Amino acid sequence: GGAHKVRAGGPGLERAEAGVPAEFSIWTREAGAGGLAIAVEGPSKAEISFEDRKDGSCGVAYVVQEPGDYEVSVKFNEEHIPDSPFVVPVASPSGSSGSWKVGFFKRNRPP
């Protein structure tokens, strides 16, 4: 348990543009130590990066190449946090078949 206490928010959980970094944060202070999993699923393979803010928050950014609908999931100890998975329409800025899912897993350790 503990996923219930985690929150995430940011523009990258609402809308994104192909090739533009889509950003959000995850707040894990009340949840404490446990395993955090962050994944992006959609028609292209995401590149995802993380910044451990050392204050019980995490900065996430992902970039996808192809427009379409993507799901961003955030799980804590293998359970979806509130509002996860987030469905995000990715627009063209102003195709190979199948779908991809790229996930990153790391132990959250409060400082």
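Residues carry their position along the shown sequence, with the first being 1.
Unmodelled stretch separating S94 from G95: 4 to 9 residues (count of deposited-sequence residues without coordinates).
Stretches compared: 85-93, 98-106. Higher mean C-alpha B-factor in the entry: 85-93. For the pair 45-53 and 27-35, the mean Cα B-factor is higher in 27-35.
When the CA B factors of the chain's modelled residues are split into thirds, the value for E78 lands in the highest one.
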